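Peer 1: Take a look at this one; I'll ask things after.
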Amino acid sequence: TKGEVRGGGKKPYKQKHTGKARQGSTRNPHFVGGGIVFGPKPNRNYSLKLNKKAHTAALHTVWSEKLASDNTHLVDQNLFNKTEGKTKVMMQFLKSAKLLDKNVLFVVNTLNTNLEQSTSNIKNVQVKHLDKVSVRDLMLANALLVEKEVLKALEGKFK
Amino acid sequence: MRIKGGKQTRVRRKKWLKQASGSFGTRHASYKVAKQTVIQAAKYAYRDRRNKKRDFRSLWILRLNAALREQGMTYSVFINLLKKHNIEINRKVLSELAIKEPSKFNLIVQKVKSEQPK
Amino acid sequence: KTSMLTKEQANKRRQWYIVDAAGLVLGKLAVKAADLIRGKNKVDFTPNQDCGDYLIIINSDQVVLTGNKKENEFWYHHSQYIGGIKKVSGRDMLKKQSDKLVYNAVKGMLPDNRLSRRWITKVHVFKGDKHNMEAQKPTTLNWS
Amino acid sequence: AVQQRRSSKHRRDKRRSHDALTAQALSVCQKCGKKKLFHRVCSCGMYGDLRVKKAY
Amino acid sequence: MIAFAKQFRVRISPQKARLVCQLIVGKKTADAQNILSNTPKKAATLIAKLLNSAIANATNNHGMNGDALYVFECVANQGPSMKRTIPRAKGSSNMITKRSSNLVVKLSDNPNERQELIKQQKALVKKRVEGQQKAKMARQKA
Amino acid sequence: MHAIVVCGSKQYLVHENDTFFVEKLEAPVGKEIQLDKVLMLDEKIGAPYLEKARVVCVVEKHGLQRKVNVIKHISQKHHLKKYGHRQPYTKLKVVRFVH
RNA sequence: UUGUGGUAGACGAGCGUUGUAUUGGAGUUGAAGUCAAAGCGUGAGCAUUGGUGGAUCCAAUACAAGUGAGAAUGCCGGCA
RNA sequence: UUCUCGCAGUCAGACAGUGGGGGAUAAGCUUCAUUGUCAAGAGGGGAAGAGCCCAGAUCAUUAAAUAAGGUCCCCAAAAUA
RNA sequence: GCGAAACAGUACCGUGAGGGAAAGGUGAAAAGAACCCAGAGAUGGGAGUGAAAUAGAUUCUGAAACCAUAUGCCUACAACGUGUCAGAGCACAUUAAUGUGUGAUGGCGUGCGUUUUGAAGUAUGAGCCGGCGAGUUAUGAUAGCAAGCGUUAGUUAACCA
Ligand SMILES: [Mg+2]
Ligand SMILES: [Mg+2]
Ligand SMILES: [Mg+2]
Ligand SMILES: [Mg+2]
Ligand SMILES: [Mg+2]
Ligand SMILES: [Mg+2]
Ligand SMILES: [Mg+2]
Ligand SMILES: [Mg+2]
Ligand SMILES: [Mg+2]
Ligand SMILES: [Mg+2]
Ligand SMILES: [Mg+2]
Ligand SMILES: [Mg+2]
Ligand SMILES: [Mg+2]
Ligand SMILES: [Mg+2]
Ligand SMILES: [Mg+2]
Ligand SMILES: [Mg+2]
Ligand SMILES: [Mg+2]
Ligand SMILES: [Mg+2]
Ligand SMILES: [Mg+2]
Ligand SMILES: [Mg+2]
Ligand SMILES: [Mg+2]
Ligand SMILES: [Mg+2]
Ligand SMILES: [Mg+2]
Ligand SMILES: [Mg+2]
Ligand SMILES: [Mg+2]
Ligand SMILES: [Mg+2]
Ligand SMILES: [Mg+2]
Ligand SMILES: [Mg+2]
Ligand SMILES: [Mg+2]
Ligand SMILES: [Mg+2]
Ligand SMILES: [Mg+2]
Ligand SMILES: [Mg+2]
Ligand SMILES: [Mg+2]
Ligand SMILES: [Mg+2]
Ligand SMILES: [Mg+2]
Ligand SMILES: [Mg+2]
Ligand SMILES: [Mg+2]
Ligand SMILES: [Mg+2]
Ligand SMILES: [Mg+2]
Ligand SMILES: [Mg+2]
Ligand SMILES: [Mg+2]
Ligand SMILES: [Zn+2]
């Protein structure tokens with residue numbers, strides 16, 4: 001701001017009898033030295049509040065519209081460990097499932113390591129736990145593979 | 001987020017400069033004087049549209065008045081005879097007749113002269 | 001939109017005329033002279049093309065001024081100096097320079113313009129019956 | 001005293017209209033041919049038929 | 001066919017150089033040299049050097065006849081200036097602007113050289129209009 | 001040979017094969033319109049309007065006039081309003097004069 | 001059908017700049033910038049072609065602003 | 001033009017007609033009541049004019065009828081008695 | 001953006017404490033122009049390298065004000081806020097459009113902001129051009145609009161993951 005910028009707090013010229021205009025500092029906003037009047041500050045909040053039931057309702061409708069649709073297939077533990085940790089196998093799986101261009105999202109309840117070892121060099125696809133997915137991650141998916149026990153936990157969470 | 005002005009001021013300034021093309025010296029070079037001249041020229045154009053509608057009527061009246069005085073009739077009575085005879089013609093077309101079609105203009109004056117009103 | 005009217009494109013139908021100011025009133029002669037010079041009486045009047053006929057005035061000293069204006073009305077001309085205001089009575093103008101009087105009277109009845117210079121130029125005013133303008137074959141009309 | 005109104009770029013050129021230069025009259029020397037300005041000794045010091053100065 | 005020569009940052013001012021350049025435009029080669037060699041001005045022994053160099057590179061580099069060259073255009077463009085502080089009275093100060101001129105002389109062999117320049121300008125305009133018509137044809141095609 | 005017609009509110013003196021511009025008539029280009037109000041035809045001029053006298057015209061184009069910029073400005077009063085107008089016209093040519 | 005002068009002022013609807021998020025697209029067969037032209041809009045504004053230029057940019061929907069310069073004997077640079 | 005709520009701006013006015021006060025039946029003076037205009041309003045008349053008269057500008061038209069005012073010329077438009 | 005992207009608390013100002021700048025970009029690679037011509041030389045014009053030399057060390061792009069050159073039109077009896085509406089003649093041909101450039105001549109016409117009852121103003125502010133330059137943020141209150149949850153409702157703060 002005007003006070004924070006290093007400069008002379010003195011009057012450069014006298015107030016009167018000089019042909020130049022009145023000035024009070026060399027670091028005023030309309031000076032090239034530069035005192036920014038308002039400017040961005042690092043104390044701004046940028047945060048918003050949404051009610052718990054409102055968030056539950058948003059999640060409810062987003063699950064409803066995303067589920068019971070195409071590319072919303074059900075997945076289990078067997079192929080979660082049949083990947084063998086090699087992303088070549090998962091590329092073949094996406095190619096066979098015709099989900100290569102889709103932003104498929106894996107919803108996982110037990111945090112399998114073989115599935116997480118893969119799908120990490122793929123900037124497209126990603127895997128999350130049920131307590132980690134949100135509204136935005138759900139509707140960016142365009143496709144998702146949901147585990148059966150994840151689905152059982154979903155009805156329980158909604159209550 | 002420091003938004004910096006560029007191509008916004010210049011484009012809207014060059015529009016005013018383009019409008020003030022053909023002016024005397026600085027009136028077409030500097031944006032400020034060009035803007036003032038365009039506004040003043042717009043005012044002039046507005047006022048002279050109205051004034052054109054009146055001045056051309058006056059010119060038609062003058063030409064029609066002259067064309068009648070050669071035949072011994074006056075404008076003030078020619079229009080009165082036109083009204084009583086129900087003939088409805090613009091002074092513009094009547095003046096155009098007297099300049100382009102002397103014979104047919106003379107026909108109109110002959111009928112309004114003496115023929116029974118209606 | 002509409003159809004524009006016809007305007008003369010610098011067309012010169014100008015002709016030469018002769019008038020005799022034997023006993024014509026100054027103002028009554030000047031008004032008709034101005035109308036003839038401007039071409040306002042012409043059927044087609046385009047007011048930027050000086051479509052008006054020339055005119056020659058004979059017997060300028062024979063014009064008359066009604067009433068006591070020959071001794072009570074003064075004509076004034078001031079030079080750019082101080083005191084250079086010259087005054088002439090109606091009688092003095094009618095005797096010393098009558099051509100200038102008619103010329104000034106006709107000029108005063110014209111609009112302030114850049115064409116009025118040419119319009120006042122086309123007025124040839126003479127103080128006698130003779131005139132060096134017989135080579136133009138000017139037609140003769142009365143009281144105009 | 002100083003101008004209360006700025007003089008345009010047109011009045012400036014109108015005043016300079018009389019600032020043009022004139023070409024000085026020149027002639028040919030009668031012994032070497034190079035052009036010299038009239039009524040003056042040439043570069044060879046030969047004015048007319050008189051050797052004025054030593055050659056350049 | 002224009003041959004030319006240039007000189008950057010000439011000490012003479014453009015104002016005091018244009019007065020001499022206007023004495024040679026349109027003049028024949030020999031007559032232009034004769035005029036510039038006997039004029040008592042400072043900007044006469046510098047335009048003369050530029051003119052001589054231009055003649056040399058016209059009859060040597062570009063291959064011109066040499067008896068048909070005339071000064072096409074001799075101008076003194078505005079060059080970079082130098083700012084100095086002149087000490088005034090009572091403690092004040094002013095700014096002295098040392099002016100420089102970019103001199104350029106151009107001579108041609110064809111006395112109709114302006115026509116070709118106008119022709120090139122016309123060619124540029126025609127190519128712009130031709131592109132517009134071709135774009136219009138493409139627009140109607142789709 | 002000549003006629004005085006009233007299209008819109010203006011009166012036009014028209015000859016054979018003459019193309020004049022009138023206000024928009026809401027008619028497609030190429031049709032054959034019949035102007036009704038005729039004031040003078042040949043030598044017989046009707047007082048209000050001639051009866052049964054028709055001017056047959058063909059519409060050539062439905063273009064727009066040159067743009068007009070109306071800039072209303074109240075000096076030293078913080079009011080500068082700007083507007084544009086492109087008045088539509090229609091050009092039509094006389095084909096035949098109905099008796 | 002009744003209307004549409006307008007300062008202080010109240011209300012409503014929009015344009016434009018920079019960036020981010022989702023989609024799609026263009027670009028050494030030439031992007032931004034930049035100049036010119038006899039285009040399109042009710043207004044902010046938006047295109048087409050050609051020259052110069054040499055690597056990024058555009059459209060849609062939302063979001064966040066150091067977001068709009070003709071005036072302050074305004075600051076800085078250049079030039080009269 | 002009444003009631004309730006949100007957001008204002010305004011607290012220097014001017015002139016003309018009419019009834020008065022102060023001034024001297026002076027002021028383009030000053031202070032009131034009332035009718036209008038300007039402020040915040042262009043156009044036409046007044047030769048030129050913020051306030052007088054005719055009126056209220058959405059844009060375009062080289063269409064027509066009118067208000068105040070005017071019709072020898074400038075400058076559109078008249079004649080009779 | 002730190003005053004300081006460069007050798008900046010430097011140059012510079014002041015006895016001193018102290019005050020305090022501006023300035024970046026060749027090309028992929030210097031391959032940085034051998035050689036010839038003019039010149040005293042710098043330099044310029046060719047040659048050569050390079051895709052490009054109008055990328056040449058003045059080194060990315062190069063705007064306006066400003067200064068010059070030229071095709072076309074007009075201008076030396078002419079009272080001018082410089083324009084506008086009509087309008088001949090002249091010269092061309094376009095984002096094909098009742099086209100464009102100039103404007104003999106006619107009608108009309110006393111700038112922009114500020115502050116005032118009232119400014120063409122003999123009131124005021126700006127020489128011109130370009131950049132910068134003035135309604136924000138944090139915490140609360142009221143009102144309008146909209147959404148979630150609802151009649152023993154509604155909603156969390158700190159903190160933990
Ligand atoms: Mg700073
Ligand atoms: Mg800016
Ligand atoms: Mg000049
Ligand atoms: Mg001089
Ligand atoms: Mg000293
Ligand atoms: Mg309104
Ligand atoms: Mg954007
Ligand atoms: Mg480009
Ligand atoms: Mg800002
Ligand atoms: Mg009062
Ligand atoms: Mg009071
Ligand atoms: Mg009173
Ligand atoms: Mg009293
Ligand atoms: Mg009183
Ligand atoms: Mg008073
Ligand atoms: Mg006020
Ligand atoms: Mg008024
Ligand atoms: Mg008046
Ligand atoms: Mg209204
Ligand atoms: Mg009437
Ligand atoms: Mg009346
Ligand atoms: Mg009259
Ligand atoms: Mg020291
Ligand atoms: Mg070179
Ligand atoms: Mg430079
Ligand atoms: Mg450069
Ligand atoms: Mg002349
Ligand atoms: Mg004269
Ligand atoms: Mg005058
Ligand atoms: Mg005039
Ligand atoms: Mg004029
Ligand atoms: Mg004037
Ligand atoms: Mg303002
Ligand atoms: Mg005051
Ligand atoms: Mg006052
Ligand atoms: Mg004055
Ligand atoms: Mg004062
Ligand atoms: Mg003041
Ligand atoms: Mg001043
Ligand atoms: Mg500025
Ligand atoms: Mg609220
Ligand atoms: Zn000799």
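Going by the structure tokens order, chains are called A, B, ..., each with residues numbered from 1, while ligands are numbered from 1 in the order shown.
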Which protein, DNA or RNA residues have an atom within 8 Å of ligand 5, counting only C-alpha atoms (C1' of nucleotides) and all ligand atoms, as a list in words?

Peer 2: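 Protein and nucleic-acid residues within 8 Å of ligand 5: residues 89, 90 and 91 of chain E.
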
Peer 1: Contacts of residue G:56 at 8 Å or less, counting only C-alpha atoms (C1' of nucleotides), minus same-chain residues fewer than 2 places along, as a PDB file with C-alpha atoms (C1' of nucleotides), in the first residue's frame?

Peer 2:
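Here's the written file around-v1.pdb:
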```
ATOM      1  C1'   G G  27      -1.941 -22.890 -35.413  1.00  0.00           C
ATOM      2  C1'   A G  31      -1.130 -17.776 -33.394  1.00  0.00           C
ATOM      3  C1'   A G  32      -0.885 -13.350 -30.606  1.00  0.00           C
TER       4        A G  32
END
```

Peer 1: Need to verify the contact set: residue A:70, 10 Å, only C-alpha atoms (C1' of nucleotides), exclusion of same-chain residues closer than 6 positions in sequence. Can you return it as a PyMOL selection string?

Peer 2: chain A and resi 142-144

Peer 1: Counting only C-alpha atoms (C1' of nucleotides) and all ligand atoms, which residues of chain I fall within 12 Å of ligand 33, and what is the closest atom pair for each with its distance in Å at one decimal, ordered by chain and rising number, as JSON lines?

Peer 2:
```
{"residue": "I:112", "atom": "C1'", "partner": "ligand 33", "partner_atom_place_in_ligand_line": "1 (Mg)", "distance": 9.6}
{"residue": "I:113", "atom": "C1'", "partner": "ligand 33", "partner_atom_place_in_ligand_line": "1 (Mg)", "distance": 6.1}
{"residue": "I:114", "atom": "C1'", "partner": "ligand 33", "partner_atom_place_in_ligand_line": "1 (Mg)", "distance": 9.3}
```

Peer 1: Can those selected residues be exported to a file as a PDB file, in the first residue's frame so that it contains N, CA, C and O atoms (P, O5', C5', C4', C3', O3' and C1' of nucleotides)?

Peer 2:
```
ATOM      1  P     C I 112     -19.308  21.965 -26.079  1.00  0.00           P
ATOM      2  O5'   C I 112     -18.100  21.075 -25.548  1.00  0.00           O
ATOM      3  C5'   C I 112     -17.843  19.785 -26.085  1.00  0.00           C
ATOM      4  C4'   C I 112     -16.825  19.040 -25.259  1.00  0.00           C
ATOM      5  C3'   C I 112     -17.115  18.929 -23.769  1.00  0.00           C
ATOM      6  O3'   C I 112     -17.977  17.853 -23.447  1.00  0.00           O
ATOM      7  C1'   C I 112     -14.887  19.663 -24.087  1.00  0.00           C
ATOM      8  P     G I 113     -18.682  17.793 -22.005  1.00  0.00           P
ATOM      9  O5'   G I 113     -17.540  17.256 -21.036  1.00  0.00           O
ATOM     10  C5'   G I 113     -17.774  17.131 -19.642  1.00  0.00           C
ATOM     11  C4'   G I 113     -16.507  17.320 -18.846  1.00  0.00           C
ATOM     12  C3'   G I 113     -16.679  17.999 -17.500  1.00  0.00           C
ATOM     13  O3'   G I 113     -17.112  17.114 -16.486  1.00  0.00           O
ATOM     14  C1'   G I 113     -14.853  18.970 -18.656  1.00  0.00           C
ATOM     15  P     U I 114     -18.287  17.554 -15.487  1.00  0.00           P
ATOM     16  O5'   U I 114     -17.638  18.656 -14.533  1.00  0.00           O
ATOM     17  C5'   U I 114     -16.499  18.365 -13.740  1.00  0.00           C
ATOM     18  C4'   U I 114     -15.954  19.605 -13.074  1.00  0.00           C
ATOM     19  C3'   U I 114     -16.945  20.407 -12.243  1.00  0.00           C
ATOM     20  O3'   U I 114     -17.066  19.931 -10.914  1.00  0.00           O
ATOM     21  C1'   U I 114     -15.692  21.861 -13.657  1.00  0.00           C
TER      22        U I 114
END
```

Peer 1: Ligand 1: which residues are within 10 Å, counting only C-alpha atoms (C1' of nucleotides) and all ligand atoms? Reply as an NGL selection string.

Peer 2: (:A and (1-2 or 4-6 or 27 or 29 or 31-36)) or (:I and (1-3))

Peer 1: Excluding same-chain residues fewer than 6 positions from stretch 65-79 of chain I, what lies within 12 Å of it counting only C-alpha atoms (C1' of nucleotides), as a VMD selection string?

Peer 2: (chain B and resid 26 29 to 31) or (chain C and resid 112 to 118) or (chain D and resid 9) or (chain E and resid 13 to 15 17 to 18 21 to 22 25 72 to 79 101 to 106 113 to 122) or (chain G and resid 78 to 80) or (chain I and resid 89 to 92 101 to 104 127 to 130)

Peer 1: Check chain D with DSSP on the backbone and list each residue it calls strand (DSSP E), as a short mmCIF file (atom, residue, chain, number, x, y, z; two decimals) with N, CA, C and O atoms, in the first residue's frame.

Peer 2:
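Below you can see out-v8.cif, which holds the result:
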```cif
data_model
loop_
_atom_site.label_atom_id
_atom_site.label_comp_id
_atom_site.auth_asym_id
_atom_site.auth_seq_id
_atom_site.Cartn_x
_atom_site.Cartn_y
_atom_site.Cartn_z
N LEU D 26 27.19 30.37 -61.32
CA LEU D 26 28.46 29.72 -61.57
C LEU D 26 28.86 29.89 -63.03
O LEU D 26 28.02 30.13 -63.90
N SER D 27 30.16 29.75 -63.29
CA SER D 27 30.70 29.84 -64.63
C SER D 27 31.79 28.79 -64.80
O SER D 27 32.12 28.05 -63.87
N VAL D 28 32.36 28.74 -66.00
CA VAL D 28 33.40 27.79 -66.37
C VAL D 28 34.72 28.53 -66.49
O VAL D 28 34.78 29.59 -67.12
N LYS D 35 33.84 24.17 -62.81
CA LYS D 35 32.91 25.24 -62.47
C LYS D 35 33.38 26.01 -61.25
O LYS D 35 33.77 25.42 -60.24
N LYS D 36 33.36 27.33 -61.36
CA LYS D 36 33.68 28.23 -60.25
C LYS D 36 32.60 29.30 -60.17
O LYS D 36 32.05 29.72 -61.20
N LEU D 37 32.29 29.72 -58.95
CA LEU D 37 31.29 30.77 -58.78
C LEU D 37 31.78 32.08 -59.40
O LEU D 37 32.97 32.41 -59.35
N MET D 46 43.97 31.12 -61.55
CA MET D 46 44.04 31.64 -62.91
C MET D 46 42.74 32.37 -63.19
O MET D 46 41.72 31.74 -63.49
N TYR D 47 42.77 33.69 -63.09
CA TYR D 47 41.59 34.54 -63.28
C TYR D 47 41.72 35.25 -64.62
O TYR D 47 42.50 36.20 -64.76
N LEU D 50 45.35 35.94 -66.17
CA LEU D 50 46.34 36.35 -65.18
C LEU D 50 46.52 35.23 -64.16
O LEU D 50 45.54 34.77 -63.56
N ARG D 51 47.76 34.80 -63.97
CA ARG D 51 48.09 33.81 -62.95
C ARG D 51 48.10 34.51 -61.60
O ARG D 51 49.02 35.29 -61.30
#
```

Peer 1: For chain C versus chain B, which residues have an atom no more than 10 Å away, and what is each residue's nearest atom pair and distance in Å rounded to one decimal, using only C-alpha atoms, chain-then-number order, as a tab-separated table?

Peer 2:
```
residue	atom	partner	partner_atom	distance
C:3	CA	B:93	CA	9.5
C:4	CA	B:96	CA	9.3
C:5	CA	B:96	CA	6.4
C:6	CA	B:96	CA	7.3
C:7	CA	B:99	CA	9.6
C:40	CA	B:66	CA	7.5
C:41	CA	B:66	CA	5.3
C:42	CA	B:66	CA	6.4
C:43	CA	B:67	CA	5.1
C:44	CA	B:63	CA	6.3
C:45	CA	B:63	CA	6.4
C:46	CA	B:59	CA	8.7
C:47	CA	B:59	CA	9.0
```

Peer 1: For chain C, which residues have at least one atom within 12 Å of chain H, if we go by only C-alpha atoms (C1' of nucleotides)? Write them as a compact mmCIF listing (two decimals) with C-alpha atoms, in the first residue's frame, please.

Peer 2:
```
# COMPACT_ATOMS: atom_id res chain seq x y z
CA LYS C 1 -36.66 7.53 -50.10
CA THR C 2 -37.74 9.71 -53.04
CA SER C 3 -36.63 11.25 -56.34
CA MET C 4 -34.32 14.27 -56.21
CA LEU C 5 -35.24 17.46 -58.05
CA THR C 6 -33.41 18.88 -61.05
CA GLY C 27 -36.46 51.61 -54.22
CA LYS C 28 -39.02 50.39 -56.76
CA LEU C 29 -36.29 50.18 -59.42
CA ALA C 30 -33.75 48.56 -57.10
CA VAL C 31 -36.03 45.72 -55.95
CA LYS C 32 -36.75 44.58 -59.51
CA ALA C 33 -33.10 45.03 -60.50
CA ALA C 34 -32.06 42.73 -57.65
CA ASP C 35 -34.69 40.16 -58.62
CA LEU C 36 -33.50 40.23 -62.24
CA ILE C 37 -29.83 40.02 -61.25
CA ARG C 38 -30.35 37.09 -58.87
CA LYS C 40 -35.18 34.63 -58.60
CA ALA C 105 -29.12 50.83 -53.41
CA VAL C 106 -29.13 47.64 -55.49
CA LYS C 107 -26.20 46.19 -53.53
CA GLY C 108 -27.99 46.71 -50.21
CA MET C 109 -30.86 44.47 -51.36
CA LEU C 110 -28.61 41.42 -51.80
CA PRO C 111 -27.69 38.70 -49.29
CA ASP C 112 -24.29 38.87 -47.62
CA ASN C 113 -22.56 36.25 -49.75
CA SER C 116 -23.30 38.69 -54.28
```

Peer 1: Please identify all protein, DNA and RNA residues within 9 Å of ligand 13, counting only C-alpha atoms (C1' of nucleotides) and all ligand atoms, and report them as a VMD selection string.

Peer 2: chain H and resid 20 to 23 25

Peer 1: Can you check which residues of chain D have any atom within 12 Å of chain E? Use only C-alpha atoms and format it as a list in words.

Peer 2: residues 13, 16, 17, 18, 19, 20, 21, 22, 23, 24, 25, 26, 27, 28, 33, 34, 35, 36, 37, 38, 40, 42 and 43 of chain D

Peer 1: List all protein, DNA and RNA residues that have at least one atom no more than 12 Å from any atom of ligand 23, counting only C-alpha atoms (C1' of nucleotides) and all ligand atoms, and write them as a ChimeraX atom specification.

Peer 2: /I:11-16,18-19

Peer 1: Using only C-alpha atoms (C1' of nucleotides), which protein or nucleic acid residues come within 12 Å of residue B:49? Drop anything in the same chain fewer than 6 positions from it, and give the result as a list in words.

Peer 2: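 In the requested form, the answer reads residues 42, 43, 55 and 56 of chain B; 68 and 70 of chain F; 59, 60, 61 and 62 of chain H; 84, 85, 86 and 108 of chain I.
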
Peer 1: Could the residues in this selection be written to a file with N, CA and C atoms (P, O5', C5', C4', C3', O3' and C1' of nucleotides), as a PDB file, in the first residue's frame?

Peer 2:
```pdb
ATOM      1  N   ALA B  42     -22.133  15.467 -35.274  1.00  0.00           N
ATOM      2  CA  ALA B  42     -23.381  14.736 -35.100  1.00  0.00           C
ATOM      3  C   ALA B  42     -24.522  15.681 -34.751  1.00  0.00           C
ATOM      4  N   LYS B  43     -24.273  16.636 -33.851  1.00  0.00           N
ATOM      5  CA  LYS B  43     -25.282  17.648 -33.549  1.00  0.00           C
ATOM      6  C   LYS B  43     -25.677  18.415 -34.803  1.00  0.00           C
ATOM      7  N   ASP B  55     -36.025  23.595 -45.724  1.00  0.00           N
ATOM      8  CA  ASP B  55     -35.425  24.447 -46.749  1.00  0.00           C
ATOM      9  C   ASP B  55     -35.818  24.001 -48.151  1.00  0.00           C
ATOM     10  N   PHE B  56     -35.930  22.690 -48.375  1.00  0.00           N
ATOM     11  CA  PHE B  56     -36.329  22.205 -49.692  1.00  0.00           C
ATOM     12  C   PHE B  56     -37.785  22.528 -49.996  1.00  0.00           C
TER      13      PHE B  56
ATOM     14  N   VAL F  68     -26.927   5.967 -40.039  1.00  0.00           N
ATOM     15  CA  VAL F  68     -27.005   7.306 -39.471  1.00  0.00           C
ATOM     16  C   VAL F  68     -26.767   7.184 -37.975  1.00  0.00           C
ATOM     17  N   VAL F  70     -26.983   8.957 -34.534  1.00  0.00           N
ATOM     18  CA  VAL F  70     -27.594  10.049 -33.790  1.00  0.00           C
ATOM     19  C   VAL F  70     -26.908  10.099 -32.435  1.00  0.00           C
TER      20      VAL F  70
ATOM     21  P     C H  59     -35.706  11.630 -31.863  1.00  0.00           P
ATOM     22  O5'   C H  59     -35.325  10.574 -32.992  1.00  0.00           O
ATOM     23  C5'   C H  59     -34.081   9.891 -32.966  1.00  0.00           C
ATOM     24  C4'   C H  59     -33.960   8.927 -34.118  1.00  0.00           C
ATOM     25  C3'   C H  59     -34.267   9.493 -35.495  1.00  0.00           C
ATOM     26  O3'   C H  59     -33.193  10.220 -36.065  1.00  0.00           O
ATOM     27  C1'   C H  59     -35.412   7.456 -35.227  1.00  0.00           C
ATOM     28  P     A H  60     -33.498  11.390 -37.122  1.00  0.00           P
ATOM     29  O5'   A H  60     -33.926  10.615 -38.446  1.00  0.00           O
ATOM     30  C5'   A H  60     -32.997   9.802 -39.146  1.00  0.00           C
ATOM     31  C4'   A H  60     -33.646   9.080 -40.300  1.00  0.00           C
ATOM     32  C3'   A H  60     -34.363   9.952 -41.318  1.00  0.00           C
ATOM     33  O3'   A H  60     -33.491  10.541 -42.267  1.00  0.00           O
ATOM     34  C1'   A H  60     -35.746   8.128 -40.727  1.00  0.00           C
ATOM     35  P     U H  61     -33.866  11.961 -42.923  1.00  0.00           P
ATOM     36  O5'   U H  61     -35.202  11.681 -43.744  1.00  0.00           O
ATOM     37  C5'   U H  61     -35.196  10.830 -44.880  1.00  0.00           C
ATOM     38  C4'   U H  61     -36.510  10.881 -45.620  1.00  0.00           C
ATOM     39  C3'   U H  61     -37.101  12.259 -45.862  1.00  0.00           C
ATOM     40  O3'   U H  61     -36.483  12.961 -46.926  1.00  0.00           O
ATOM     41  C1'   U H  61     -38.796  10.787 -45.124  1.00  0.00           C
ATOM     42  P     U H  62     -35.154  13.823 -46.660  1.00  0.00           P
ATOM     43  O5'   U H  62     -35.446  15.202 -47.394  1.00  0.00           O
ATOM     44  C5'   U H  62     -36.564  16.000 -47.027  1.00  0.00           C
ATOM     45  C4'   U H  62     -37.283  16.519 -48.244  1.00  0.00           C
ATOM     46  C3'   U H  62     -37.914  15.438 -49.117  1.00  0.00           C
ATOM     47  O3'   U H  62     -39.155  15.876 -49.665  1.00  0.00           O
ATOM     48  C1'   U H  62     -36.278  16.637 -50.364  1.00  0.00           C
TER      49        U H  62
ATOM     50  P     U I  84     -18.692  17.073 -41.486  1.00  0.00           P
ATOM     51  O5'   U I  84     -20.263  17.317 -41.550  1.00  0.00           O
ATOM     52  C5'   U I  84     -21.087  17.050 -40.427  1.00  0.00           C
ATOM     53  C4'   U I  84     -22.397  17.787 -40.527  1.00  0.00           C
ATOM     54  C3'   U I  84     -23.124  17.655 -41.854  1.00  0.00           C
ATOM     55  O3'   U I  84     -23.886  16.463 -41.947  1.00  0.00           O
ATOM     56  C1'   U I  84     -23.048  19.933 -41.211  1.00  0.00           C
ATOM     57  P     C I  85     -23.977  15.666 -43.339  1.00  0.00           P
ATOM     58  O5'   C I  85     -25.168  16.377 -44.122  1.00  0.00           O
ATOM     59  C5'   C I  85     -26.459  16.480 -43.543  1.00  0.00           C
ATOM     60  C4'   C I  85     -27.306  17.509 -44.248  1.00  0.00           C
ATOM     61  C3'   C I  85     -27.343  17.433 -45.766  1.00  0.00           C
ATOM     62  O3'   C I  85     -28.240  16.448 -46.248  1.00  0.00           O
ATOM     63  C1'   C I  85     -27.012  19.678 -45.089  1.00  0.00           C
ATOM     64  P     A I  86     -28.093  15.876 -47.743  1.00  0.00           P
ATOM     65  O5'   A I  86     -28.648  17.051 -48.663  1.00  0.00           O
ATOM     66  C5'   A I  86     -28.347  17.097 -50.050  1.00  0.00           C
ATOM     67  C4'   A I  86     -28.480  18.495 -50.597  1.00  0.00           C
ATOM     68  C3'   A I  86     -27.835  18.742 -51.951  1.00  0.00           C
ATOM     69  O3'   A I  86     -28.644  18.324 -53.038  1.00  0.00           O
ATOM     70  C1'   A I  86     -27.238  20.477 -50.457  1.00  0.00           C
ATOM     71  P     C I 108     -28.566  31.363 -43.515  1.00  0.00           P
ATOM     72  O5'   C I 108     -28.318  30.197 -42.456  1.00  0.00           O
ATOM     73  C5'   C I 108     -29.406  29.570 -41.796  1.00  0.00           C
ATOM     74  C4'   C I 108     -28.943  28.434 -40.920  1.00  0.00           C
ATOM     75  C3'   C I 108     -27.931  28.778 -39.840  1.00  0.00           C
ATOM     76  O3'   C I 108     -28.500  29.378 -38.690  1.00  0.00           O
ATOM     77  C1'   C I 108     -27.227  26.837 -40.973  1.00  0.00           C
TER      78        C I 108
END
```

Peer 1: Name the residues, by chain letter and number, that sit within 9 Å of ligand 41 using only C-alpha atoms (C1' of nucleotides) and all ligand atoms, and give them as number ranges by chain.

Peer 2: I: 143-145
